[PDB]
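Visitor: Take a look at target33.csv, CSV, C-alpha atoms and all ligand atoms:
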```csv
chain,number,residue,atom,x,y,z
A,1,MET,CA,44.6,7.8,36.3
A,2,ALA,CA,43.6,11.1,37.8
A,3,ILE,CA,40.0,9.9,38.6
A,4,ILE,CA,39.6,6.7,40.7
A,5,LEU,CA,36.4,4.6,41.1
A,6,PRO,CA,35.5,4.8,44.8
A,7,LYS,CA,34.9,1.5,46.5
A,8,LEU,CA,31.5,0.3,47.5
A,9,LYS,CA,31.1,0.3,51.3
A,10,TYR,CA,29.7,-3.2,51.3
A,11,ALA,CA,29.8,-6.5,49.4
A,12,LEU,CA,28.4,-6.9,45.9
A,13,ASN,CA,25.7,-9.2,47.3
A,14,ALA,CA,24.9,-6.9,50.3
A,15,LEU,CA,21.8,-5.4,48.8
A,16,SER,CA,20.3,-8.7,47.8
A,17,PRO,CA,17.5,-9.7,47.2
A,18,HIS,CA,16.3,-6.0,46.8
A,19,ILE,CA,19.0,-5.4,44.1
A,20,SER,CA,20.8,-8.5,43.1
A,21,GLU,CA,24.5,-9.3,43.1
A,22,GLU,CA,24.3,-9.6,39.3
A,23,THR,CA,22.9,-6.0,39.1
A,24,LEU,CA,25.6,-4.6,41.4
A,25,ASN,CA,28.1,-6.5,39.2
A,26,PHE,CA,27.0,-4.8,35.9
A,27,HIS,CA,26.0,-1.5,37.5
A,28,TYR,CA,29.1,-1.0,39.5
A,29,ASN,CA,31.8,-3.0,37.7
A,30,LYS,CA,30.6,-2.2,34.1
A,31,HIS,CA,28.5,1.0,34.0
A,32,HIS,CA,30.1,3.0,36.9
A,33,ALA,CA,33.7,1.8,36.2
A,34,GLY,CA,33.0,2.6,32.5
A,35,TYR,CA,32.2,6.3,33.3
A,36,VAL,CA,35.5,6.6,35.2
A,37,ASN,CA,37.5,5.0,32.4
A,38,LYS,CA,35.7,7.2,29.8
A,39,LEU,CA,36.2,10.4,31.7
A,40,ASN,CA,39.9,9.8,32.2
A,41,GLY,CA,40.2,9.4,28.4
A,42,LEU,CA,38.3,12.6,27.7
A,43,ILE,CA,40.0,14.9,30.2
A,44,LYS,CA,43.5,14.3,28.8
A,45,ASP,CA,44.9,17.4,27.1
A,46,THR,CA,42.2,19.6,28.6
A,47,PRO,CA,42.2,22.0,31.6
A,48,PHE,CA,39.9,19.4,33.3
A,49,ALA,CA,42.9,17.1,33.7
A,50,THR,CA,43.9,18.5,37.1
A,51,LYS,CA,40.4,19.4,38.4
A,52,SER,CA,38.6,17.3,41.0
A,53,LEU,CA,35.5,15.2,39.9
A,54,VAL,CA,33.2,17.8,41.6
A,55,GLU,CA,34.9,20.7,39.8
A,56,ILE,CA,34.7,18.9,36.5
A,57,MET,CA,31.0,18.2,37.0
A,58,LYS,CA,30.3,21.9,37.9
A,59,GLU,CA,32.4,23.3,35.1
A,60,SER,CA,32.0,21.1,32.0
A,61,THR,CA,29.3,20.3,29.4
A,62,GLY,CA,28.8,17.5,26.7
A,63,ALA,CA,30.5,14.1,27.1
A,64,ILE,CA,32.8,15.3,29.9
A,65,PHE,CA,29.9,16.4,32.0
A,66,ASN,CA,27.9,13.3,31.2
A,67,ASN,CA,30.7,11.0,32.4
A,68,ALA,CA,31.8,13.2,35.4
A,69,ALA,CA,28.3,13.7,36.7
A,70,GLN,CA,27.5,10.0,36.3
A,71,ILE,CA,30.6,9.0,38.3
A,72,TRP,CA,29.5,11.3,41.1
A,73,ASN,CA,25.8,10.4,40.9
A,74,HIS,CA,26.6,6.7,41.1
A,75,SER,CA,28.9,7.0,44.1
A,76,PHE,CA,26.2,9.1,45.8
A,77,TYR,CA,23.7,6.3,44.8
A,78,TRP,CA,25.8,3.5,46.3
A,79,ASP,CA,26.4,5.5,49.5
A,80,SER,CA,22.7,6.2,49.7
A,81,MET,CA,22.1,2.4,50.3
A,82,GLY,CA,23.5,-0.3,52.5
A,83,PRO,CA,23.0,-3.6,54.3
A,84,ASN,CA,21.3,-3.4,57.6
A,85,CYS,CA,19.6,-0.1,56.5
A,86,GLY,CA,16.2,0.9,55.3
A,87,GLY,CA,13.2,1.1,57.6
A,88,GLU,CA,12.2,4.4,59.3
A,89,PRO,CA,14.6,7.3,59.3
A,90,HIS,CA,16.4,8.0,62.5
A,91,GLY,CA,18.6,10.9,63.8
A,92,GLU,CA,18.4,14.4,62.4
A,93,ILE,CA,16.8,13.4,59.1
A,94,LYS,CA,13.7,11.8,60.8
A,95,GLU,CA,12.8,15.1,62.4
A,96,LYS,CA,13.6,17.2,59.2
A,97,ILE,CA,11.3,14.9,57.2
A,98,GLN,CA,8.5,15.3,59.8
A,99,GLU,CA,8.9,19.1,59.5
A,100,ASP,CA,9.0,19.3,55.7
A,101,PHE,CA,6.7,16.4,54.6
A,102,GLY,CA,4.5,15.9,57.7
A,103,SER,CA,5.5,12.2,58.0
A,104,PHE,CA,8.0,9.6,56.7
A,105,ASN,CA,5.0,8.0,54.9
A,106,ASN,CA,4.1,11.2,53.1
A,107,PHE,CA,7.8,11.6,52.0
A,108,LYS,CA,7.9,7.9,50.9
A,109,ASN,CA,4.7,8.3,48.9
A,110,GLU,CA,5.8,11.4,47.0
A,111,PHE,CA,9.3,10.1,46.4
A,112,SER,CA,8.0,6.8,45.0
A,113,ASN,CA,5.6,8.7,42.8
A,114,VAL,CA,8.4,10.8,41.4
A,115,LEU,CA,10.7,7.8,40.9
A,116,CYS,CA,8.0,5.8,39.2
A,117,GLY,CA,6.9,8.7,37.0
A,118,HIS,CA,10.2,9.7,35.5
A,119,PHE,CA,10.3,9.3,31.7
A,120,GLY,CA,13.6,8.1,30.1
A,121,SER,CA,16.9,7.9,31.9
A,122,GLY,CA,17.2,9.8,35.2
A,123,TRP,CA,17.5,10.2,39.0
A,124,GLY,CA,15.2,11.0,41.9
A,125,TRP,CA,16.7,13.2,44.7
A,126,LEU,CA,16.0,14.2,48.2
A,127,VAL,CA,17.6,17.6,48.5
A,128,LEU,CA,18.0,20.5,51.0
A,129,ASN,CA,16.8,23.4,48.8
A,130,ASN,CA,18.2,26.9,48.8
A,131,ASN,CA,15.5,27.8,51.4
A,132,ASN,CA,16.8,25.2,54.0
A,133,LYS,CA,13.8,22.9,53.2
A,134,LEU,CA,13.8,19.2,52.2
A,135,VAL,CA,12.2,18.7,48.8
A,136,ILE,CA,12.0,16.0,46.2
A,137,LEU,CA,13.5,16.7,42.7
A,138,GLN,CA,14.1,14.6,39.6
A,139,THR,CA,16.8,15.0,37.0
A,140,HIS,CA,17.3,13.7,33.5
A,141,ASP,CA,20.2,11.6,32.3
A,142,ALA,CA,23.4,12.7,34.1
A,143,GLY,CA,21.9,15.8,35.6
A,144,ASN,CA,22.0,16.6,39.3
A,145,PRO,CA,21.0,19.3,41.8
A,146,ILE,CA,24.7,20.5,42.3
A,147,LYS,CA,25.0,21.3,38.6
A,148,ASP,CA,21.5,22.8,38.6
A,149,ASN,CA,22.2,24.7,41.8
A,150,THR,CA,18.7,23.7,43.1
A,151,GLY,CA,19.9,22.5,46.5
A,152,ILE,CA,22.2,20.1,48.3
A,153,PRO,CA,21.8,16.3,47.6
A,154,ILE,CA,20.9,14.2,50.6
A,155,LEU,CA,19.9,10.9,49.0
A,156,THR,CA,19.5,9.7,45.4
A,157,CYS,CA,17.8,6.8,43.6
A,158,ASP,CA,18.8,5.8,40.0
A,159,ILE,CA,16.0,5.1,37.7
A,160,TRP,CA,18.0,4.5,34.5
A,161,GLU,CA,16.7,1.1,33.2
A,162,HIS,CA,20.1,-0.7,33.9
A,163,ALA,CA,19.5,0.0,37.6
A,164,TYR,CA,16.6,-2.5,37.7
A,165,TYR,CA,16.1,-4.4,34.3
A,166,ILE,CA,17.9,-7.6,35.4
A,167,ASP,CA,15.9,-8.0,38.6
A,168,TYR,CA,12.5,-6.4,37.7
A,169,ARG,CA,12.4,-6.0,33.9
A,170,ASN,CA,9.9,-3.2,33.0
A,171,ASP,CA,8.5,-3.2,36.6
A,172,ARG,CA,10.2,-0.1,38.0
A,173,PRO,CA,7.6,0.3,40.8
A,174,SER,CA,8.7,-3.0,42.3
A,175,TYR,CA,12.3,-1.8,42.2
A,176,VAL,CA,11.3,1.4,43.9
A,177,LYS,CA,9.4,-0.5,46.6
A,178,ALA,CA,12.4,-2.8,47.2
A,179,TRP,CA,14.8,0.2,47.4
A,180,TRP,CA,13.0,1.4,50.6
A,181,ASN,CA,14.7,-1.7,52.3
A,182,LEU,CA,18.2,-0.3,51.4
A,183,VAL,CA,17.9,3.5,52.1
A,184,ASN,CA,20.9,4.6,54.2
A,185,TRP,CA,19.7,7.2,56.8
A,186,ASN,CA,23.2,7.4,58.2
A,187,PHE,CA,24.3,8.8,54.8
A,188,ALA,CA,21.4,11.2,54.7
A,189,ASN,CA,22.3,12.4,58.2
A,190,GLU,CA,25.9,13.0,57.2
A,191,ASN,CA,24.7,15.0,54.1
A,192,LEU,CA,22.1,17.0,56.1
A,193,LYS,CA,24.7,18.1,58.7
A,194,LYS,CA,27.1,19.3,56.0
A,195,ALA,CA,24.2,20.9,54.1
A,196,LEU,CA,22.9,22.9,57.1
A,197,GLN,CA,26.4,24.1,57.8
B,1,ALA,CA,-9.4,4.4,20.9
B,2,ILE,CA,-5.6,4.5,19.8
B,3,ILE,CA,-4.8,0.9,18.9
B,4,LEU,CA,-1.5,-1.0,19.2
B,5,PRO,CA,-0.6,-2.1,15.7
B,6,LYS,CA,0.2,-5.8,15.1
B,7,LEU,CA,3.8,-6.9,14.7
B,8,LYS,CA,4.2,-8.3,11.1
B,9,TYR,CA,6.0,-11.4,12.5
B,10,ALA,CA,6.0,-13.7,15.6
B,11,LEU,CA,7.8,-12.8,18.9
B,12,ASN,CA,10.7,-15.2,18.2
B,13,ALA,CA,11.1,-14.0,14.6
B,14,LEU,CA,14.1,-11.8,15.5
B,15,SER,CA,16.0,-14.4,17.6
B,16,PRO,CA,18.7,-14.9,18.6
B,17,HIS,CA,19.6,-11.3,17.5
B,18,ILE,CA,16.8,-10.0,19.7
B,19,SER,CA,15.3,-12.7,21.9
B,20,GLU,CA,11.6,-13.7,22.1
B,21,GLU,CA,11.7,-12.7,25.8
B,22,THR,CA,12.9,-9.2,24.8
B,23,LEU,CA,10.1,-8.9,22.2
B,24,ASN,CA,7.6,-10.1,24.8
B,25,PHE,CA,8.5,-7.3,27.3
B,26,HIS,CA,9.3,-4.7,24.7
B,27,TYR,CA,6.0,-5.2,22.8
B,28,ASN,CA,3.5,-6.4,25.4
B,29,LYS,CA,4.8,-4.3,28.3
B,30,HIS,CA,6.5,-1.2,26.9
B,31,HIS,CA,4.8,-0.6,23.6
B,32,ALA,CA,1.3,-1.7,24.8
B,33,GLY,CA,1.8,0.5,28.0
B,34,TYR,CA,2.5,3.6,25.8
B,35,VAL,CA,-0.9,3.0,24.0
B,36,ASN,CA,-2.8,2.4,27.3
B,37,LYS,CA,-1.2,5.4,29.0
B,38,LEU,CA,-1.9,7.6,26.0
B,39,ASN,CA,-5.6,6.7,25.8
B,40,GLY,CA,-6.1,7.5,29.6
B,41,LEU,CA,-4.3,10.8,29.1
B,42,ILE,CA,-6.2,12.1,26.0
B,43,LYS,CA,-9.8,11.1,27.1
B,44,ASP,CA,-11.7,14.4,27.5
B,45,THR,CA,-9.2,16.5,25.6
B,46,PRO,CA,-9.3,17.8,22.0
B,47,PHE,CA,-6.6,15.0,21.4
B,48,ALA,CA,-9.2,12.2,21.7
B,49,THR,CA,-10.4,12.8,18.0
B,50,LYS,CA,-7.0,13.4,16.5
B,51,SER,CA,-4.8,10.7,14.8
B,52,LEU,CA,-1.5,9.5,16.4
B,53,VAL,CA,0.6,11.6,14.0
B,54,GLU,CA,-1.6,14.7,14.8
B,55,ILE,CA,-1.3,14.1,18.6
B,56,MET,CA,2.5,13.5,18.2
B,57,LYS,CA,2.8,16.8,16.3
B,58,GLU,CA,0.6,18.9,18.6
B,59,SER,CA,1.4,17.7,22.1
B,60,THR,CA,4.2,18.2,24.6
B,61,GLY,CA,5.1,16.5,28.0
B,62,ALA,CA,3.4,13.1,28.9
B,63,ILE,CA,1.0,13.1,25.9
B,64,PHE,CA,3.9,13.6,23.5
B,65,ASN,CA,6.2,11.1,25.3
B,66,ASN,CA,3.5,8.4,25.0
B,67,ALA,CA,2.2,9.2,21.5
B,68,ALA,CA,5.6,9.5,19.9
B,69,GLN,CA,6.9,6.3,21.6
B,70,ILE,CA,3.8,4.4,20.1
B,71,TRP,CA,4.7,5.6,16.6
B,72,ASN,CA,8.5,5.1,17.1
B,73,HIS,CA,8.0,1.5,18.2
B,74,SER,CA,5.8,0.5,15.3
B,75,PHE,CA,8.4,2.1,13.0
B,76,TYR,CA,11.1,0.1,14.9
B,77,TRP,CA,9.2,-3.2,14.5
B,78,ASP,CA,8.5,-2.6,10.9
B,79,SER,CA,12.3,-1.7,10.4
B,80,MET,CA,13.1,-5.4,11.2
B,81,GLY,CA,12.0,-8.9,10.2
B,82,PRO,CA,12.8,-12.5,9.9
B,83,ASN,CA,14.5,-13.2,6.5
B,84,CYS,CA,15.9,-9.7,6.4
B,85,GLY,CA,19.3,-8.1,7.2
B,86,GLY,CA,22.7,-8.3,5.5
B,87,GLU,CA,23.3,-6.4,2.2
B,88,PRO,CA,20.8,-3.8,1.1
B,89,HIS,CA,18.9,-4.5,-2.1
B,90,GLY,CA,16.6,-2.6,-4.5
B,91,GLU,CA,16.4,1.2,-4.5
B,92,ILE,CA,17.8,1.6,-0.9
B,93,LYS,CA,21.0,-0.1,-1.9
B,94,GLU,CA,21.6,2.4,-4.8
B,95,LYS,CA,20.6,5.4,-2.6
B,96,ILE,CA,22.9,4.3,0.2
B,97,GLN,CA,25.7,4.1,-2.4
B,98,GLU,CA,24.9,7.6,-3.6
B,99,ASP,CA,24.6,9.3,-0.3
B,100,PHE,CA,27.1,7.3,1.9
B,101,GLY,CA,29.5,6.0,-0.8
B,102,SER,CA,29.0,2.4,0.2
B,103,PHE,CA,26.9,0.2,2.5
B,104,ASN,CA,30.1,-0.4,4.6
B,105,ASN,CA,30.4,3.4,5.1
B,106,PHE,CA,26.7,3.7,6.1
B,107,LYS,CA,26.8,0.7,8.4
B,108,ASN,CA,29.9,1.9,10.3
B,109,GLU,CA,28.6,5.4,10.7
B,110,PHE,CA,25.1,4.3,11.7
B,111,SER,CA,26.7,1.9,14.2
B,112,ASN,CA,28.8,4.7,15.7
B,113,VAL,CA,25.8,6.9,16.1
B,114,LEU,CA,23.7,4.2,17.7
B,115,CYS,CA,26.5,3.2,20.1
B,116,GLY,CA,27.4,6.8,21.0
B,117,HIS,CA,24.0,8.0,22.1
B,118,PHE,CA,23.9,8.9,25.8
B,119,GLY,CA,20.8,8.0,27.8
B,120,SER,CA,17.6,6.9,26.1
B,121,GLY,CA,16.9,7.4,22.4
B,122,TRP,CA,16.9,6.4,18.8
B,123,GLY,CA,19.0,6.3,15.6
B,124,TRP,CA,17.3,7.2,12.3
B,125,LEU,CA,17.8,6.9,8.6
B,126,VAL,CA,15.7,9.7,7.0
B,127,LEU,CA,15.4,11.3,3.6
B,128,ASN,CA,15.8,15.1,3.9
B,129,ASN,CA,14.1,17.8,1.7
B,130,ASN,CA,17.0,17.7,-0.8
B,131,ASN,CA,16.2,14.0,-1.3
B,132,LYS,CA,19.3,13.0,0.4
B,133,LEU,CA,19.6,10.2,3.0
B,134,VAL,CA,21.0,11.3,6.3
B,135,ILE,CA,21.7,9.8,9.7
B,136,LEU,CA,20.0,11.4,12.7
B,137,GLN,CA,19.7,10.7,16.4
B,138,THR,CA,17.0,11.8,18.8
B,139,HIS,CA,16.7,11.7,22.5
B,140,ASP,CA,13.9,9.9,24.6
B,141,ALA,CA,10.6,10.0,22.5
B,142,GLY,CA,11.9,12.6,19.9
B,143,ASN,CA,11.6,11.8,16.2
B,144,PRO,CA,12.2,13.4,12.8
B,145,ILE,CA,8.4,14.0,12.2
B,146,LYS,CA,8.2,16.0,15.4
B,147,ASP,CA,11.4,17.8,14.5
B,148,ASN,CA,10.8,18.4,10.7
B,149,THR,CA,14.2,17.0,10.0
B,150,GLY,CA,13.2,14.5,7.2
B,151,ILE,CA,11.0,11.5,6.3
B,152,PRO,CA,12.0,8.4,8.4
B,153,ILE,CA,13.2,5.4,6.4
B,154,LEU,CA,14.5,3.1,9.2
B,155,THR,CA,14.9,3.4,13.0
B,156,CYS,CA,16.8,1.5,15.7
B,157,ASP,CA,15.8,1.8,19.4
B,158,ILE,CA,18.7,2.3,21.8
B,159,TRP,CA,16.8,2.6,25.1
B,160,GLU,CA,18.3,0.1,27.5
B,161,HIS,CA,15.1,-2.0,27.6
B,162,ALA,CA,15.7,-2.8,23.9
B,163,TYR,CA,18.8,-4.9,24.6
B,164,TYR,CA,19.4,-5.2,28.4
B,165,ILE,CA,17.9,-8.7,28.7
B,166,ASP,CA,20.1,-10.1,25.9
B,167,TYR,CA,23.2,-8.0,26.0
B,168,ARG,CA,23.2,-6.2,29.4
B,169,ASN,CA,25.5,-3.2,29.1
B,170,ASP,CA,27.0,-4.4,25.7
B,171,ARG,CA,25.0,-2.1,23.5
B,172,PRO,CA,27.5,-2.5,20.6
B,173,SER,CA,26.7,-6.3,20.3
B,174,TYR,CA,23.0,-5.4,20.1
B,175,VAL,CA,23.8,-2.9,17.4
B,176,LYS,CA,26.0,-5.5,15.6
B,177,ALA,CA,23.1,-8.0,15.9
B,178,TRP,CA,20.6,-5.5,14.6
B,179,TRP,CA,22.3,-5.6,11.1
B,180,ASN,CA,20.9,-9.2,10.7
B,181,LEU,CA,17.4,-7.8,11.2
B,182,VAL,CA,17.2,-4.6,9.2
B,183,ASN,CA,14.2,-4.7,6.9
B,184,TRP,CA,15.4,-3.3,3.5
B,185,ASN,CA,11.9,-4.0,2.1
B,186,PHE,CA,10.5,-1.5,4.6
B,187,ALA,CA,13.3,1.0,3.7
B,188,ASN,CA,12.4,0.6,0.0
B,189,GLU,CA,8.6,1.2,0.6
B,190,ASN,CA,9.5,4.3,2.7
B,191,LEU,CA,12.0,5.6,0.2
B,192,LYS,CA,9.5,5.1,-2.8
B,193,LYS,CA,6.9,7.2,-0.9
B,194,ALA,CA,9.5,9.8,0.4
B,195,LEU,CA,11.1,10.5,-3.0
A,201,CL,CL,27.1,-11.5,37.2
A,202,CL,CL,15.2,-7.2,3.6
```
Please render this file's structure as structure tokens.

Guide:
Amino acid sequence: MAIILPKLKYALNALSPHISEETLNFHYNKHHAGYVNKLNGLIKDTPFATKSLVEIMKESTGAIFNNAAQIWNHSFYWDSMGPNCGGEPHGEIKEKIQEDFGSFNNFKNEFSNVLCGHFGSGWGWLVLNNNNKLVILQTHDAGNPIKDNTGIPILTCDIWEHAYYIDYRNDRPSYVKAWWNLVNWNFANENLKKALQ
Amino acid sequence: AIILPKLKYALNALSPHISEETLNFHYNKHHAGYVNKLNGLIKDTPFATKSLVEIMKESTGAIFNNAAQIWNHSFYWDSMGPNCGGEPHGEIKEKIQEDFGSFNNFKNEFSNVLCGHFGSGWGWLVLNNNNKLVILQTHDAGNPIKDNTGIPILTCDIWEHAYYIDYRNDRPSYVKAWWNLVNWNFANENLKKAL
């Protein structure tokens, strides 16, 4: 199967109690795996069959896009988190956030507001925009900043209901608050360095 | 000002097809929250003196999202009931036979549409201007009144919060279960008015 589900970099329970093992089980092994299985079915007998996931995402529309972009968004989501993470940013991203938001607390406040405010299925992003500045963006359904060409993804947070409904029911804000304990600044730093190159 | 309409049945009335816990969150958190958010949004606007349908028709963005979701959810609750489901009866049965060939045909296609919808949205049975029943889907808070695509007859919510407590990712089992709840009486009332 041309497209393979990338492994999580940590155990299924590694984000607990912020996001439960049960959530990771459904979200990764059911939803995420499902988008991979679905895309592989869809790209058969198309020119997409031999393109990379990223190329498919950038060049498709309809169901192919929806599945391709979701696979990519989820992998970026999992990599945006980790055990032994969260807290204050550190390394290059700490200083960049200071420059572009004034403080980590300012960034945290605006990001949480955006994440809490998104109507329907979607994603909040920290991105390096096309003017070399960190900004917060939101996208709807499977959308992302690479497809939109609105900047280079640094971190993402999924706010589709399946991301939090097991653990928090309707209480998205509690999910967003808990997510701050999981934010992987090492990942952000890796993305920033590539982005600025 | 805008008021949340009463359910026509108790919170457990749809169980086990939709749990009482689901109805509790869906009605008392989601549906109630749409009403509360809308009232805060329309205070001090020309929308404060308009009906829900008028607000729905004349708004965009947050006001639309909340107003349409209030109307959509009431239509959803009224589209179900205890003592409902199974084979259609009365005028809607005949009309489904005319427009879909059979109930089995309707049921399978409606199910496909409900299961196939990507992200948050709704499936609809509506009567169009040629007095023909048709299946529509809409995204997020969208609906056929906003869209002028026909007079709604029934709806089914496929937002994840509709089923996630009871079925997790298995939307098709929720859809299957929903057929034990579909309120043919409400369909017949709607059809009588629409025709
Ligand atoms: Cl589990
Ligand atoms: Cl009935």

Visitor: Please return as a list in words the residues found within 10 Å of ligand CL 202 (chain A), counting all atoms listed in the file.

Guide: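 Counting all atoms listed in the file, the residues within 10 Å of ligand CL 202 (chain A) come out as residues 79, 80, 81, 82, 83, 84, 85, 86, 87, 88, 89, 90, 180, 181, 182, 183, 184, 185, 186, 187 and 188 of chain B.
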
Visitor: Check every residue of chain A for an atom within 10 Å of chain B, counting all atoms listed in the file, and provide those that qualify as a list in words.

Guide: residues 23, 26, 27, 30, 31, 62, 63, 66, 67, 117, 119, 120, 121, 122, 140, 141, 142, 160, 161, 162, 165, 166, 169, 170 and 171 of chain A

Visitor: Using all atoms listed in the file, which residues of chain A come within 10 Å of ligand CL 201 (chain A), and what is the closest atom pair for each, with the distance in Å to one decimal? Give it as a tab-separated table, sorted by chain and residue number.

Guide:
```
residue	atom	partner	partner_atom	distance
A:12	CA	A:CL201	CL	9.9
A:20	CA	A:CL201	CL	9.1
A:21	CA	A:CL201	CL	6.8
A:22	CA	A:CL201	CL	4.0
A:23	CA	A:CL201	CL	7.2
A:24	CA	A:CL201	CL	8.2
A:25	CA	A:CL201	CL	5.5
A:26	CA	A:CL201	CL	6.8
A:29	CA	A:CL201	CL	9.7
```

Visitor: Could you please determine the separation between CA of residue 181 (chain A) and CA of residue 28 (chain B) in Å, to one decimal place?

Guide: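 Calculated distance between CA of residue 181 (chain A) and CA of residue 28 (chain B) is 29.5 Å.
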
Visitor: Rounded to one decimal, what separation in Å do you get between CA of residue 32 (chain A) and CA of residue 71 (chain A)?

Guide: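 We find that CA of residue 32 (chain A) and CA of residue 71 (chain A) lie 6.2 Å from each other.
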
Visitor: Can you take region 64-77 of chain B from the block and write N, CA and C atoms as a CSV table (one decimal), in the first residue's frame?

Guide:
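Listing of decode_11.csv after writing:
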```csv
chain,number,residue,atom,x,y,z
B,64,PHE,N,-25.5,33.4,12.1
B,64,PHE,CA,-26.1,32.3,11.3
B,64,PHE,C,-25.9,30.9,11.9
B,65,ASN,N,-24.6,30.6,12.2
B,65,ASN,CA,-24.2,29.3,12.7
B,65,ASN,C,-25.1,28.9,13.9
B,66,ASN,N,-25.2,29.9,14.9
B,66,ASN,CA,-26.1,29.6,16.1
B,66,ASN,C,-27.6,29.5,15.8
B,67,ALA,N,-28.2,30.5,15.1
B,67,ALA,CA,-29.6,30.5,14.7
B,67,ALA,C,-30.0,29.2,13.9
B,68,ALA,N,-29.2,28.9,12.9
B,68,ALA,CA,-29.6,27.7,12.1
B,68,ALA,C,-29.5,26.4,12.9
B,69,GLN,N,-28.5,26.3,13.8
B,69,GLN,CA,-28.3,25.1,14.6
B,69,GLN,C,-29.4,25.0,15.6
B,70,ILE,N,-30.0,26.1,16.1
B,70,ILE,CA,-31.2,26.0,17.0
B,70,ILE,C,-32.3,25.4,16.2
B,71,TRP,N,-32.6,25.9,15.0
B,71,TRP,CA,-33.7,25.4,14.2
B,71,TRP,C,-33.5,24.0,13.7
B,72,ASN,N,-32.2,23.7,13.3
B,72,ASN,CA,-31.9,22.4,12.8
B,72,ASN,C,-32.1,21.3,13.9
B,73,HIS,N,-31.7,21.7,15.2
B,73,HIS,CA,-31.8,20.7,16.3
B,73,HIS,C,-33.2,20.4,16.7
B,74,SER,N,-34.1,21.5,16.7
B,74,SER,CA,-35.5,21.2,17.0
B,74,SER,C,-36.1,20.4,15.9
B,75,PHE,N,-35.7,20.6,14.6
B,75,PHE,CA,-36.2,19.8,13.6
B,75,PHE,C,-35.8,18.3,13.7
B,76,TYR,N,-34.5,18.1,14.2
B,76,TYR,CA,-33.9,16.8,14.4
B,76,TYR,C,-34.7,16.1,15.5
B,77,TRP,N,-34.9,16.8,16.7
B,77,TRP,CA,-35.7,16.1,17.8
B,77,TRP,C,-37.1,15.7,17.3
```
